Amino acid sequence: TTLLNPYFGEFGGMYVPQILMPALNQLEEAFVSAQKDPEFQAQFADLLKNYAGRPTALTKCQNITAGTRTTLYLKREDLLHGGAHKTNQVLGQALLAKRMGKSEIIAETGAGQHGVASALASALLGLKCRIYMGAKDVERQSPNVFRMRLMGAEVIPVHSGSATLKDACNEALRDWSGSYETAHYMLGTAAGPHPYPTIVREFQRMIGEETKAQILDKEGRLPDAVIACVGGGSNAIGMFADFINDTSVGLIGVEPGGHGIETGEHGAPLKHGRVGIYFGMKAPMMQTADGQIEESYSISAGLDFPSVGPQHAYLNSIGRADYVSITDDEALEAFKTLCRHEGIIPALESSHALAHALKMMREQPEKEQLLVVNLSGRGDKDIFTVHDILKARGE
Amino acid sequence: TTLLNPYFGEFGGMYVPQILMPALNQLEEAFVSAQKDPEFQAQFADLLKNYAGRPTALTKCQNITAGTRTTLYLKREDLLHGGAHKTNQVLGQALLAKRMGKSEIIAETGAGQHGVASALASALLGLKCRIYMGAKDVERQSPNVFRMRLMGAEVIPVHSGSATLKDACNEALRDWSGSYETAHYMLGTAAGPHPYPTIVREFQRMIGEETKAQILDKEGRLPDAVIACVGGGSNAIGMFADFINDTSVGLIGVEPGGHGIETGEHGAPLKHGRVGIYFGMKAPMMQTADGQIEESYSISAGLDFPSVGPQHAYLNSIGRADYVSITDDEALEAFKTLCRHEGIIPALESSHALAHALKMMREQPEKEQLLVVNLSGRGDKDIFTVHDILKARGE
Amino acid sequence: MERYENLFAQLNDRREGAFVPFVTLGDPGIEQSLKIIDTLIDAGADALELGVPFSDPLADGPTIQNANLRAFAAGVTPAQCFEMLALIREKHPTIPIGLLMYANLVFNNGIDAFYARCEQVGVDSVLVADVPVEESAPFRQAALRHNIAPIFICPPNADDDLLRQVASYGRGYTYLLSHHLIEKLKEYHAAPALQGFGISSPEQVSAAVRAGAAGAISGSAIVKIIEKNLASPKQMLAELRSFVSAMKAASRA
Amino acid sequence: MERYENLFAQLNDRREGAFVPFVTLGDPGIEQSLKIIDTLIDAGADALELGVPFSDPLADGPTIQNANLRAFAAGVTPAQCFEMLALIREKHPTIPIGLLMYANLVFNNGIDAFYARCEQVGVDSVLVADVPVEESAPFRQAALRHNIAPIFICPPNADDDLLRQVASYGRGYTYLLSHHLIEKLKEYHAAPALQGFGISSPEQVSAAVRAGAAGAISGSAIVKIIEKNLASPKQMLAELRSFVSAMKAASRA
Ligand SMILES: O=C(NCCOP(=O)(O)O)c1ccc(OC(F)(F)F)cc1
Ligand SMILES: O=C(NCCOP(=O)(O)O)c1ccc(OC(F)(F)F)cc1
Ligand SMILES: O=C(NCCOP(=O)(O)O)c1ccc(OC(F)(F)F)cc1
Ligand SMILES: O=C(NCCOP(=O)(O)O)c1ccc(OC(F)(F)F)cc1
Ligand SMILES: O=C(NCCOP(=O)(O)O)c1ccc(OC(F)(F)F)cc1
Ligand SMILES: O=C(NCCOP(=O)(O)O)c1ccc(OC(F)(F)F)cc1
Ligand SMILES: *Cc1c(COP(=O)(O)O)cnc(C)c1O
Ligand SMILES: *Cc1c(COP(=O)(O)O)cnc(C)c1O
Ligand code: NA
Ligand code: NA
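Chains as they are written, first to last, in the entry's author numbering: chain B, 2 to 396; chain B', 2 to 396; chain A, 1 to 178, 194 to 268; chain A', 1 to 178, 194 to 268. A prime marks a further copy of an entry chain.
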């Protein structure tokens with residue numbers, strides 16, 4: 002028995018070994034209790050406001066849209082403490098851990114952003130944090146590893162399997178199955194077994210709530226569409242949640258197309274993968290024909306989770322949300338465009354969302370449309386990546 | 002004749018060649034007009050809010066102060082768009098430039114932060130931006146140079162003199178003397194000739210205004226002291242301005258002590274330099290016994306302006322503000338402390354202010370005191386600097 | 001076929017517990033894995049638990065993860081695992097053969113088709129490591145439709161509802177993790208319990224049976240002998256034969 | 001002493017303009033700079049404008065910045081510049097000698113003491129490059145107390161208030177930047208105008224005097240000959256002598 006529905010249509014569930022069920026059931030009951038507790042809500046709101054800097058701005062981009070009938074606003078998650086939206090949910094999850102009497106946090110990380118987010122929340126809230134990161138990722142993400150260690154987190158390199166994100170996830174879950182009485186597993190996206198897709202959405206939903214209020218204040222009506230990149234699904238579901246019932250508002254999720262869908266080198270499982278069961282859930286994933294789990298490829302390492310949150314798969318299935326993809330080259334062009342024309346350096350993750358809005362505008366420049374892009378993070382972290390590409394091909 | 006007083010006591014003035022006076026007088030009249038114009042004030046406020054993300058948070062640091070009678074709040078300029086307080090004033094200065102019908106911006110930069118701030122403001126406001134940077138600085142600040150170029154700014158390496166900040170300042174002023182009819186010089190601190198110390202203060206004063214409101218809301222009384230690092234004086238004067246008339250509020254400015262005052266390798270001219278005339282102003286500076294201008298040294302390149310704003314020299318002279326210094330090692334310790342105990346990575350500049358507050362607390366831990374530190378910027382930019390030092394001495 | 005029912009009735013007649021080794025199909029290659037399995041049987045294995053190499057074996061420890069990696073280095077696929085299974089059953093008609101699977105490999109080509117393939121090759125049971133009893137309905141239904149026993153883990157902390165679900169839904173044997196639980200499972204008419212996890216010496220086989228389990232499963236201990244002897248396949252087999260013989264002797268009355 | 005007044009009265013008697021070279025004291029070393037200055041005088045310089053090397057010569061272009069750098073490479077200090085000035089005056093008693101200074105060097109050891117030192121060595125005027133007339137009060141007062149002429153730049157766009165300030169406050173000569196201004200300055204009884212900036216050929220010396228200026232100042236052109244001939248000091252002097260002679264001849268009626 003669960004308190005809440007673990008599925009979104011056919012997708013989701015709790016496909017974990019039997020021994021991990023009590024941890025998931027404990028978490029779910031703690032969450033349900035927390036959600037009804039005005040003191041928990043007040044404490045979470047207080048951290049978001051006075052520590053993380055909520056509400057975040059909603060910035061109009063007239064320099065980009067000039068001469069078209071597009072109006073473009075960026076939801077400025079790049080201005081959140083830590084430089085990406087991940088901070089919102091790690092703070093709620095850390096509060097949940099304290100609610101349950103846990104004194105330790107376990108987290109996984111691929112590109113290091115969730116690792117840093119978990120570490121900063123743990124440092125603030127006095128939790129002992131240990132982070133599993135694939136040894137190959139540890140090597141290609143030294144700035145993020147040193148941030149984690151500065152913040153008092155223990156960073157544990159994982160050598161098992163392919164020494165990347167999947168292996169980190171597995172090691173985190175293994176640890177948790179033996180330590181859940183004193184440790185909380187701080188999963189970094191709106192995916193994995195129930196209750197994590199639900200929890201992470203609820204702890205990100207202020208993105209869309211604020212966006213709604215701000216767009217109503219500034220324009221007097223809802224957006225025609227809100228657009229967000231999709232790696233695992235957290236920033237997109239946070240933007241989308243409050244608009245789901247506003248049936249005239251388009252929900253566009255943007256997966257990484259990498260070098261191009263046709264090349265096979267992409268990270269677009271929702272639209273170009275196949276449903277499997279892994280990561281504790283039933284969802285579209287990147288996998289071989291005989292069912293071995295594969296990798297997602299993107300210029301942006303933050304978009305490389307090889308599946309997708311089950312609520313996204315469900316929202317696509319019923320036609321409520323539409324999913325598209327953007328290539329590396331398109332994302333790079335959006336990155337350069339925002340730097341040059343608005344003085345904002347976007348994360349390469351976020352640049353995928355922006356690239357698709359640019360496409361919406363440029364393809365039909367006399368179409369009246371009011372767009373919000375979720376600018377999920379800032380791109381200081383990506384400047385050497387972008388520099389080296391722009392160098393490699395002349396410039 | 003000027004409209005406003007160019008001096009603070011003996012300090013300040015307009016010690017520039019005759020040919021630059023009309024540019025300064027034009028600027029001053031434009032500023033005075035702007036300050037009386039509610040539409041200009043409304044436009045500036047709108048950018049600060051919806052682009053830059055004002056107001057910034059005021060964060061309590063209970064984990065740091067536990068067991069003492071210090072209450073510590075950080076004014077979170079690190080959460081401002083661009084990651085430091087410099088953004089506030091570049092936006093006002095860019096608006097001023099447009100007010101005067103200027104289509105080009107000239108700026109100087111040493112460590113690159115003001116260069117990036119000028120570039121982002123210019124990109125937003127549609128101004129053609131050219132930035133002078135000493136060739137040695139261009140070499141040691143490649144991340145910031147590439148940010149400037151991404152934002153459409155022209156970065157001009159300066160080979161004259163010592164190829165550092167002074168030389169960049171000189172080249173910027175030379176250019177301006179010939180181009181001021183169409184170009185505005187966007188000076189990057191509360192120093193230089195009148196009207197720049199006044200302008201930069203006024204375009205930073207929302208730091209203290211917000212701090213006052215927020216501290217009154219959270220504690221019901223004013224701070225015992227507000228503490229800010231002093232390189233040129235802009236973030237400190239922005240924090241201080243609104244409290245000057247609240248005579249019970251201490252104003253503590255922190256200059257870099259470098260390897261230590263006694264070593265001669267420091268950047269503390271206000272307290273350890275000698276009054277000279279240079280950079281268009283009469284102020285304490287780093288200079289040889291026979292009057293050649295020297296460099297400031299600090300682990301933090303952002304604190305290396307070898308003089309100080311004249312209002313600081315004046316506030317010290319009358320005893321309204323007190324100035325102290327913090328060494329590299331002390332700043333490093335504060336940097337590590339904030340990372341570990343609050344999950345905030347502070348700029349090494351800002352870490353000087355924090356280090357002095359830590360000293361105030363630790364030296365007298367049973368002294369009742371309510372402190373605000375201006376956390377002028379975030380320290381992502383400093384993580385390799387800090388890593389290499391911590392490596393060099395074991396760790 | 002009711003191979004587990006036949007086995008336990010014969011063992012009961014002999015006052016004997018089952019000894020059940022776990023190995024990974026195709027570790028360290030197909031031909032040597034076939035020889036290893038035949039050696040385990042010739043040394044007295046009562047039943048087999050066999051893993052199919054999977055990319056992300058979450059519920060397995062380093063020894064077994066390493067075994068999967070060796071099998072992948074040999075190019076072992078599920079299709080080749082099923083050809084192996086057919087040959088093993090053709091050689092050994094009565095020994096119960098159980099698979100340890102991950103959900104993706106069962107679900108991949110269709111759950112029904114998976115269990116049909118198991119039936120066709122003569123597998124007796126399947127434990128899907130990452131399907132908890134609460135979400136097992138389609139798996140256990142498909143299993144039973146194809147005369148395959150669905151196997152469930154019963155954790156040492158299991159509450160009463162979980163014990164009843166396990167007792168009701170499982171067949172063949174109950175997988176008990178390393194005396195209260197054993198009696199409750201018997202009370203609820205569960206399939207007979209086999210104790211597994213960290214069983215590495217004769218003494219622990221005897222202890223499990225004395226506690227009232229019908230037998231014991233051992234994997235890491237066995238696969239260790241594989242890993243240790245990669246360079247010497249012939250000695251590998253001799254050490255496997257010695258260890259299995261000793262472990263099986265500990266289950267005899 | 002009223003060396004500028006004496007000079008202009010004698011030049012006026014001869015229907016002649018002044019030719020006034022600018023060089024940096026101690027460029028490229030002390031001994032060669034002394035020789036260069038003597039050569040400029042022997043070739044017909046009517047007056048001298050002499051720079052004191054300063055760390056940050058804001059108002060100077062690359063040729064003169066480079067000259068300062070050469071002088072610093074020779075270890076030239078203001079104290080050594082003043083010893084040089086004493087020797088130059090001791091050799092040439094009537095030629096007006098003007099300094100181009102930056103404010104820090106004047107203010108450093110005390111403004112009064114600076115102008116006292118100028119008087120003691122026999123300097124006639126000082127132009128403080130980065131002191132605008134509006135803030136010049138302490139400089140010009142100290143100058144005049146020590147019989148030193150304070151020199152001000154009059155920009156080509158100068159408004160009427162600025163022309164009146166310059167005419168009132170300056171002495172010796174008015175520094176006019178490269194016909195309306197010349198007449199206004201004369202109207203306001205200013206010190207006689209010397210035209211400076213980009214004067215590099217005989218034709219421009221004649222043109223300045225014909226416009227009604229009392230003479231012309233040239234620096235870059237002169238210092239270029241220094242820079243160009245660093246390896247050949249003797250040829251340096253010969254080229255300087257040729258250029259100054261030609262430039263001075265252009266000022267003659
Ligand atoms: O995508 C995930 N984490 C995000 C890490 O973010 P980053 O550090 O930015 O790579 C993620 C982690 C765990 C997971 O499920 C389970 F735990 F079952 F494996 C599903 C997705
Ligand atoms: O300190 C200054 N700029 C700050 C540059 O900041 P950063 O880029 O962070 O080095 C600065 C720049 C110019 C100046 O006066 C004058 F223009 F006369 F030279 C005085 C101070
Ligand atoms: O089985 C475990 N350990 C040892 C037995 O397996 P093996 O050593 O491969 O035979 C084991 C460890 C963790 C676990 O839970 C989860 F996957 F969620 F982490 C489930 C089983
Ligand atoms: O039978 C297994 N391993 C061999 C016996 O354990 P050991 O001797 O410790 O290797 C075995 C059984 C189940 C399993 O996963 C899960 F528990 F999730 F179902 C993992 C390993
Ligand atoms: O004098 C100038 N140029 C040429 C003449 O000097 P030099 O070439 O050294 O003789 C000159 C250039 C710029 C200037 O204003 C300021 F310093 F503010 F930039 C003042 C004078
Ligand atoms: O006399 C000077 N230079 C020599 C003549 O100019 P040029 O022949 O172009 O080098 C000279 C005079 C003043 C000056 O600074 C300021 F204008 F600010 F007062 C800089 C150079
Ligand atoms: C990690 C990350 C993403 C992708 O994660 P989601 O869970 O899909 O939102 C997107 N943007 C940024 C800035 C990130 O750090
Ligand atoms: C540039 C800078 C400083 C020093 O400049 P001030 O004008 O003295 O405020 C301080 N902090 C940060 C973060 C900076 O970028
Ligand atoms: Na994905
Ligand atoms: Na300074």
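The beta carbon of each residue, even a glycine, is placed where N, CA and C say it ideally should be.
Endpoints, the alpha helix (DSSP H) within which residue i is located
i, result
"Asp-38 of chain A", "30-42"
"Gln-120 of chain A", "111-121"
"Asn-171 of chain B'", "166-180"
"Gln-44 of chain B", "39-48"
"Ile-240 of chain A", "235-243"
Beta-carbon contacts of residue i that lie in its chain and below 8 Å, excluding the five residues immediately before and after
i, result
"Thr-39 of chain A", "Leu-252, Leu-255, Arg-256 and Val-259"
"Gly-68 of chain B'", "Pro-366"
Inter-residue CB distance, residue i and residue j (contact presumed, cutoff 8 Å)
i, j, result
"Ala-47 of chain A'", "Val-23 of chain A'", "Wrong, their Cβ atoms sit about 12 Å apart, outside the cutoff."
"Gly-274 of chain B'", "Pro-285 of chain B'", "4 Å"
"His-86 of chain B", "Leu-80 of chain B'", "About 14 Å; that fails the 8 Å criterion."
"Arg-148 of chain B'", "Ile-384 of chain B", "7 Å"
"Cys-62 of chain B", "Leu-151 of chain B'", "Wrong, their Cβ atoms sit about 16 Å apart, outside the cutoff."
"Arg-89 of chain A'", "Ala-268 of chain A'", "About 29 Å separates the two Cβ atoms, so there is no contact after all."
"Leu-125 of chain B'", "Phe-45 of chain B'", "At roughly 13 Å, the Cβ-Cβ gap does not stay under 8 Å, so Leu-125 of chain B' and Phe-45 of chain B' are not in contact."
Same chain, Cβ closer than 6 Å to residue i, five either side skipped, listed in chain order
i, result
"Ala-242 of chain B", "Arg-202, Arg-206 and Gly-209"
"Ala-237 of chain B", "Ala-229, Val-231 and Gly-254"
"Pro-248 of chain A'", "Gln-32"
"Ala-206 of chain A'", "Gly-170, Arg-171, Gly-172, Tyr-173 and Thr-174"
"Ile-216 of chain B", "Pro-224"
"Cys-81 of chain A", "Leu-25 and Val-52"
Span of the beta strand (DSSP E), counted from its first residue to its last, around residue i
i, result
"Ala-184 of chain B'", "184-186"
"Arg-150 of chain B", "Counting along the chain, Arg-150 of chain B falls outside any beta strand (DSSP E), though it belongs to the alpha helix (DSSP H) covering 143-151."
"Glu-49 of chain A", "48-51"
"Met-101 of chain A'", "97-101"
"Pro-23 of chain B'", "First-last for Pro-23 of chain B': 22-36, but that is the alpha helix (DSSP H), not the beta strand (DSSP E)."
Residues bridged to residue i [DSSP beta-bridge criterion]
i, result
"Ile-88 of chain A'", "None; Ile-88 of chain A' has no bridge partner."
"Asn-375 of chain B'", "B':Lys-76"
"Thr-24 of chain A", "A:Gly-51"
"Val-156 of chain B'", "B':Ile-132"
Other residues of its chain near residue i: CB distance less than 7 Å, five sequence neighbours each side excluded
i, result
"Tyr-175 of chain A", "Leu-127, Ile-151, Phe-152, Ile-153, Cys-154, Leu-209 and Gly-211"
"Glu-256 of chain B'", "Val-231, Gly-268, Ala-269, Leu-271, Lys-272, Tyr-324 and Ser-326"
"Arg-100 of chain B'", "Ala-31, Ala-35 and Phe-41"
"residue 1 of chain B", "Shown here, chain B extends from 2 to 396; a query on residue 1 of chain B therefore has no answer."
Self-check item: Ordered list of beta strand (DSSP E) runs contained in the segment 182-252 of chain B', each at least 3 residues
Solution: Segments of the beta strand (DSSP E) lying fully in the segment 182-252 of chain B': 184-186 and 226-230.
Quiz prompt | 4-residue-minimum alpha helix (DSSP H) runs that sit fully inside the segment 86-148 of chain B, ordered along the chain | solution = Within the segment 86-148 of chain B, complete alpha helix (DSSP H) segments of at least 4 residues are found at 87-100, 114-126 and 136-141, given in chain order.
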